[PDB]
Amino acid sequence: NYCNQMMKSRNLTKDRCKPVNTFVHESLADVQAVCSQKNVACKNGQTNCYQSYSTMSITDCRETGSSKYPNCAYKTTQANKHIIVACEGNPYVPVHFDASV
């Protein structure tokens, strides 16, 4: 399971099971460019969010109903969609993953 392997390798489920996480299959530079595209509001109402002009390759990792510490288990779902990142700093880069439409 790609999700079970990647959540672990990346230190997300080494000490706990995280319910959901999204992985983006694009170059780092292309995702950082989003912070300069379509400005939109973030869920929390803040407006330092941006939506990608085009869809990107991503896979959603979602914990199943029968997942519990030590043995976290995920359902893997590949898709192409517009990402939304919240941005911050200088260089203005992504600090959070707010969504994917």
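Residue indices: 1-based, along the sequence shown.
Visitor: Look up the CA B-factors in the entry and say which stretch, 87-95 or 12-20, has the higher mean.
Guide: That would be 87-95.
Visitor: So 69-77 or 25-33, which one's hotter by mean CA B-factor in the entry?
Guide: Looking at the recorded C-alpha B-factors, 69-77 comes out higher on average.
Visitor: Of 51, 55, 47, 59, which one's C-alpha B factor is largest in the deposited record?
Guide: Largest recorded C-alpha B-factor: 47.
Visitor: Ranking every modelled residue in this chain by its Cα temperature factor as given in the entry, which third contains residue 5?
Guide: For residue 5, the deposited C-alpha B-factor lands in the middle third.
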